[PDB]
Amino acid sequence: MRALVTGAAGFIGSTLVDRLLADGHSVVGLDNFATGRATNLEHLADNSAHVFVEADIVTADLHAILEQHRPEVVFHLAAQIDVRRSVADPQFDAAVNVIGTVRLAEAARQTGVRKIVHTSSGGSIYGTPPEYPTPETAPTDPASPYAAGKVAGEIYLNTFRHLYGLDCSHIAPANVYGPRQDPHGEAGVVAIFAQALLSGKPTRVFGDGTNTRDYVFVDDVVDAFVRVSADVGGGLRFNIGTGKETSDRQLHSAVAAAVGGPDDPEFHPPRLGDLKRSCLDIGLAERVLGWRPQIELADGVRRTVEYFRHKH
Amino acid sequence: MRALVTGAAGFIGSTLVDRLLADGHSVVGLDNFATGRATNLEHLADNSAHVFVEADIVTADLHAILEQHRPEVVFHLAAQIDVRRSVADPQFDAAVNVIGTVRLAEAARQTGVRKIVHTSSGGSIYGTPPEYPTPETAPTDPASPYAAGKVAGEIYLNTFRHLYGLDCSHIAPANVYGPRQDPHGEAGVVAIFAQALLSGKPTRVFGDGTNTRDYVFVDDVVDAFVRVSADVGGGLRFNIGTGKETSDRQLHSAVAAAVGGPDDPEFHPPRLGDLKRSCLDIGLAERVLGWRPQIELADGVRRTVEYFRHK
Ligand SMILES: NC(=O)c1ccc[n+]([C@@H]2O[C@H](COP(=O)([O-])OP(=O)(O)OC[C@H]3O[C@@H](n4cnc5c(N)ncnc54)[C@H](O)[C@@H]3O)[C@@H](O)[C@H]2O)c1
Ligand SMILES: NC(=O)c1ccc[n+]([C@@H]2O[C@H](COP(=O)([O-])OP(=O)(O)OC[C@H]3O[C@@H](n4cnc5c(N)ncnc54)[C@H](O)[C@@H]3O)[C@@H](O)[C@H]2O)c1
Ligand SMILES: O=c1ccn([C@@H]2O[C@H](COP(=O)(O)OP(=O)(O)O[C@H]3O[C@H](CO)[C@H](O)[C@H](O)[C@H]3O)[C@@H](O)[C@H]2O)c(=O)[nH]1
Ligand SMILES: O=c1ccn([C@@H]2O[C@H](COP(=O)(O)OP(=O)(O)O[C@H]3O[C@H](CO)[C@H](O)[C@H](O)[C@H]3O)[C@@H](O)[C@H]2O)c(=O)[nH]1
């Protein structure tokens with residue numbers, strides 16, 4: 001089928017592109033390189049099945065783009081990704097994550113797109129939830145602007161589903177990690193730890209290091225995207241994680257073990273916007289999509305460290 | 001208290017301005033006249049307790065404005081109000097209703113504001129609801145971009161409440177009608193019927209005219225805004241309506257009885273985005289705020305028609 005991936009030059013996006021190409025699809029990648037990198041797609045230069053469009057979802061003529069490329073499925077991964085950045089500038093975050101999503105939906109409903117697969121944030125949309133691991137039936141209760149825009153994105157797509165019959169499902173990942181994740185930002189802790197420890201540069205945890213996240217390997221997330229792209233799970237959000245909690249301190253230890261380096265992080269002050277715990281109930285994804293995470297943290301971390309070691 | 005009202009040149013907004021001033025508050029009104037009218041505020045020219053700011057919530061320096069005026073409560077009524085327009089231009093609707101709300105919250109949290117009273121849409125946010133009358137416990141299920149943006153506004157304000165402790169409550173009105181509603185606007189059916197029947201111009205219904213709404217008078221809505229502005233109902237939405245259903249067709253008869261003469265409208269195609277039924281459970285507002293509507297449709301229609309006739 002014809003596929004279009006927004007955020008295609010990014011970590012998850014470029015990985016998804018590779019998978020869709022392997023599955024025999026024609027893929028249009030779309031990105032403005034806000035946080036994505038051309039290097040993530042450079043290996044595709046001579047692949048006729050891939051076309052890249054440099055575009056900002058906030059202002060580009062998405063109607064024209066979709067009219068030309070006629071995707072059957074749009075995988076919407078383009079977003080402002082950093083929780084702290086969303087606190088610092090909530091308007092910008094809302095522009096990219098809400099307005100960008102709205103413009104894309106409005107373009108899509110006009111061009112015969114069958115389905116949009118949205119990227120939510122299973123890690124943050126529930127805020128501090130009533131129970132862990134947290135099912136999709138739990139109320140959204142965002143406590144950062146990033147989380148709020150992700151929620152608003154889902155709701156708008158649900159609206160376009162009612163209005164035009166434009167199908168949607170929402171992939172709501174926990175904390176995704178693996179090869180191609182940028183080690184030089186403030187988000188993407190696995191990447192940050194791996195490269196810093198390989199380079200012998202300082203590392204840090206925040207608060208007392210007891211905050212937990214649910215760490216899910218990129219390939220597993222990509223598989224969920226592909227599964228939900230079919231006429232399955234229409235209208236639904238799916239938590240995409242492992243349902244296991246790892247503390248900041250425990251993560252550091254795991255990455256240090258994989259690197260074979262010291263396990264001696266610095267301790268820095270808490271970050272406003274960051275939840276204390278995150279753990280997803282992944283039963284619905286199993287039931288509806290037949291999806292289960294295959295990669296355990298130890299193995300995923302090893303593969304991530306190797307990515308940094310082999311980097312040219 | 002010091003109050004700021006966004007959308008103050010509008011129908012509900014200017015009415016709320018009057019109420020707050022009467023209650024002894026100082027008021028800053030803010031509007032860009034997208035749909036509001038200067039005539040709604042012209043009587044305030046000489047009142048020093050009131051200051052008006054011409055500003056667009058999407059682009060204005062809201063931080064500077066709120067820093068200057070230091071409002072304790074912000075009543076947020078500025079919005080793109082038309083469902084059909086939201087379908088025509090979802091991006092614009094989202095810019096005003098979502099981005100505008102986000103910019104206001106971000107300004108408010110930095111400027112010592114105690115509470116934002118948001119205006120949601122009780123009539124539309126539930127979409128086709130699981131029951132009637134519809135309680136606030138019913139899930140939101142918007143079926144127009146307008147409704148979606150209203151829900152998104154609520155959620156962003158709830159977010160700012162968690163993040164910064166900026167208090168918020170959501171007033172979710174049904175179908176508000178009464179004096180100062182734009183007779184020449186695209187929204188406002190009671191205004192449309194009143195204006196047209198007074199002019200002897202044609203009146204029309206969409207679909208087969210079976211679509212129902214909950215008609216709540218402006219003065220009752222304003223009272224709910226006042227009640228919820230206190231330290232009560234934090235983080236909560238309140239349906240503000242009558243809990244009584246009136247169809248597109250049945251309203252026409254009421255207006256014609258008030259105006260006089262003929263009672264025979266046309267019948268045009270349904271419009272994309274418009275729901276079929278709407279009726280709000282108003283129990284929560286009663287229990288929590290002590291709010292009850294005072295004005296019944298017949299009485300409210302008389303008032304509205306009389307107002308329009310006087311011009
Ligand atoms: N990594 C995680 O833990 C995780 C899990 C849940 C949610 N997500 C979501 O996954 C998606 C991909 O994130 P990622 O981890 O690969 O990070 P990333 O930064 O590599 O991916 C985001 C991509 O979107 C692009 N982009 C940003 N703004 C854009 C705009 N206005 N127009 C066009 N392109 C734009 C960036 O340039 C980048 O390539 C995002 O929607 C993110 O919110 C990430
Ligand atoms: N009338 C109803 O039935 C009803 C009920 C539920 C919800 N609402 C909400 O009530 C509020 C008031 O609506 P109304 O019925 O008085 O209509 P209105 O059009 O008279 O009031 C809206 C006001 O907002 C102003 N405004 C719009 N965009 C603006 C912007 N970008 N910057 C600054 N000001 C801007 C308009 O100029 C106008 O004065 C709105 O938030 C509306 O969505 C209306
Ligand atoms: O140098 C660092 C960086 C981070 N952390 C810790 O690592 C964890 C994860 O932080 P990230 O910034 O890597 O990611 P987030 O938890 O902010 O991720 C959130 O945003 C993502 C988008 O980037 C996804 O949406 C995800 O679901 C959501 O939880 C936190 O507990 C943080 O304290 C450290 O200990 N040291
Ligand atoms: O000439 C007309 C115009 C409208 N209508 C009918 O009148 C009803 C009300 O339409 P309005 O445009 O007056 O208002 P909405 O129903 O669109 O109101 C919605 O948007 C409002 C904001 O403008 C509020 O948010 C409200 O809660 C929400 O239901 C509809 O059934 C419509 O079909 C007619 O019969 N004839």
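Start at 1 and go down the list; that is how both ligands and their atoms are numbered. Heavy-atom basis, side chains included; hydrogens, waters and symmetry copies ignored. Here is the naming used below: chain letters follow the sequence lines, and residue numbers restart at 1 for every chain.
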What part of B/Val96, side chain from CB on, backbone N/CA/C/O, both or neither, has a heavy atom under 4.0 Å from ligand 2?
side chain
Can you tell me if B/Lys150 contacts ligand 2 (heavy atom of the residue under 4.0 Å from the ligand)?
yes
Ligand 2 to B/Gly10, heavy atom cutoff 4.0 Å, flagged ligand atoms 20 (O), 21 (O), 38 (C), 39 (O)
With only distance considered, is B/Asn32 within less than 3.5 Å of ligand 2 through an N or O on each side?
yes
Record the part of B/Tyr146 in heavy-atom contact with ligand 2 below 4.0 Å; permitted values are side chain, backbone, both and neither.
side chain
A student comparing B/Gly13, B/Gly7, B/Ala79 should find that the heavy atom closest to atom 27 (C) of ligand 2 comes from B/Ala79
What part of B/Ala174, side chain from CB on, backbone N/CA/C/O, both or neither, has a heavy atom under 4.0 Å from ligand 2?
backbone
Atom 16 (O) of ligand 2 [closest protein heavy-atom partner, distance rounded to 0.1 Å]:
B/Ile12 N, 2.9 Å
Measure the shortest side-chain to side-chain distance between A/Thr246 and A/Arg213 over non-hydrogen atoms and say whether it is less than 4.5 angstrom.
no
Name of the residue among B/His118, B/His170, B/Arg237 meeting side-chain hydrogen bond (donor to acceptor under 3.5 Å, both in side chains) with B/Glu154
B/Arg237
Numbered in order shown, the ligand 2 atoms found under 4.0 Å of a heavy atom of B/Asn175 are 3 (O)
Checking heavy atoms under 4.0 Å, the part of B/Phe33 that sits near ligand 2 is backbone
Looking only at atom types and distance, does a side-chain atom of A/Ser86 sit under 3.5 Å from a main-chain N or O of A/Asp93, one as donor and one as acceptor?
no
Find all atoms of ligand 2 within a distance of less than 4.0 Å from any non-hydrogen atom belonging to B/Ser120, and give their numbers and elements.
6 (C), 7 (C)
Indicate whether the side chain of B/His184 and that of B/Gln195 have a donor and an acceptor atom separated by less than 3.5 Å.
yes
Taking the basic N atoms (NZ, or NE/NH1/NH2) and the acidic carboxylate oxygens, is any pair closer than 4.0 Å for A/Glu186 and A/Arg204?
yes
Any N or O of B/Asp56 that comes nearer than 3.5 Å to an N or O of ligand 2?
yes
Does A/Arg85 make a cation-pi contact with A/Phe92, if we ask for NZ or CZ under 6.0 Å from the ring centre and within 45° of the axis?
no
For ligand 3, list the protein residues that place a heavy atom within a distance below 4.0 Å of one of its atoms, sorted by chain and number.
A/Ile81, A/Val83, A/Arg84, A/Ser121, A/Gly123, A/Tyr146, A/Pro173, A/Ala174, A/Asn175, A/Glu186, A/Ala187, A/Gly188, A/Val189, A/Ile192, A/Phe193, A/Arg204, A/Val205, A/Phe206, A/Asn211, A/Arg213, A/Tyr215, A/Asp248, A/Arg271
Should A/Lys150 and A/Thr140 count as side-chain neighbours, where that means a heavy-atom distance under 4.5 Å?
no
Verify whether one side chain among A/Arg249 and A/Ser253 offers a donor that lies under 3.5 Å from an acceptor in the other.
yes
Mark yes or no: A/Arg277 above the aromatic ring of A/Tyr132, with NZ or CZ under 6.0 Å from the six-membered ring centre and no more than 45 degrees from the axis.
yes
Flag side-chain contact, heavy atom, 4.5 Å: A/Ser247 against A/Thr212:
yes
Relative to ligand 2, is B/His76 under 4.0 angstrom through side chain, backbone, both or neither, heavy atoms considered?
neither
For ligand 2, which atoms, with element, lie under 4.0 Å from some heavy atom of B/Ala9?
39 (O)
Under a 4.5 Å cut-off applied to non-hydrogen side-chain atoms, are A/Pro265 and A/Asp263 in contact?
yes
Any chance you could measure B/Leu297, atom CG, to B/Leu251, atom CG, to the nearest 0.5 Å?
6.0 Å
Parallel, tilted or perpendicular: ring planes of A/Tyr177 versus A/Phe217, cut at 30 and 60 degrees
perpendicular
Looking only at distance, does B/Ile57 have an N or O less than 3.5 Å from an N or O of ligand 2?
yes
So for ligand 2, is B/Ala8 a polar contact partner (N or O within less than 3.5 Å, distance only)?
no
Just heavy atoms, cut-off under 4.0 Å: does B/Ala55 contact ligand 2 by side chain, backbone, both, or neither?
backbone
Grab the two heavy atoms, one from B/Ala94 and one from A/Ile99, that are nearest each other, plus how far apart they are.
CB-CD1, 3.5 Å
Flag B/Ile81 as yes when one of its N or O atoms lies below 3.5 Å from any N or O atom of ligand 2, and as no otherwise.
no
Determine, using heavy atoms of B/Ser124 and all atoms of ligand 2, whether some pair is separated by less than 4.0 Å.
no
Are the side chains of B/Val96 and B/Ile57 in contact, using a 4.5 Å heavy-atom criterion?
yes
Atom 9 (C) of ligand 2 has as its nearest protein heavy atom B/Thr119 CG2, 3.6 Å
Measure from atom 25 (C) of ligand 2 to every heavy atom in B/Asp31, B/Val216, B/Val189 and give the option owning the shortest one.
B/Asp31
Mark yes or no for whether B/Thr134, through its side chain, and B/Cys279, through its backbone, hold a donor-acceptor pair below 3.5 Å.
yes
Checking B/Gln80 side chain against B/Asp82 main chain: does a donor-acceptor pair fall under 3.5 Å?
yes
Any side-chain to backbone donor/acceptor pair from A/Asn239 onto A/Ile282? Under 3.5 Å, distance only.
no
Looking only at protein heavy atoms, what sits closest to atom 20 (O) of ligand 2 is B/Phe11 N, 2.9 Å
Test side chain to side chain contact (heavy atoms under 4.5 Å, CB included) on A/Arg84 and A/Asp274; report intermediate values, then the result.
CA-CA 8 Å; A/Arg84 285 71 49 189; A/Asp274 282 357; 2.9 Å; yes
Check for a donor-acceptor pair, side chain of B/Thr242 on one end and backbone N or O of B/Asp214 on the other, with a separation under 3.5 Å.
no
Given B/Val221, B/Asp93, B/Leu77, B/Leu30, which has its nearest heavy atom closest to atom 12 (C) of ligand 2?
B/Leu77
Could you find the nearest protein heavy atom to atom 4 (C) of ligand 2 and give me its residue, atom name and distance?
B/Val176 CG2, 3.9 Å
Looking only at protein heavy atoms, identify the closest one to atom 6 (C) of ligand 2 and say how far it is in Å.
B/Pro173 CB, 3.4 Å
Within the structure, does B/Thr35 bring an N/O atom to less than 3.5 angstrom of an N/O atom in ligand 2?
yes
Any heavy atom of B/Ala187 under 4.0 Å from ligand 2? The part involved is neither
Nitrogen or oxygen atoms of B/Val58 and ligand 2 under 3.5 Å apart
no
Heteroatom proximity flag, B/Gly36 to ligand 2, N/O under 3.5 Å
yes
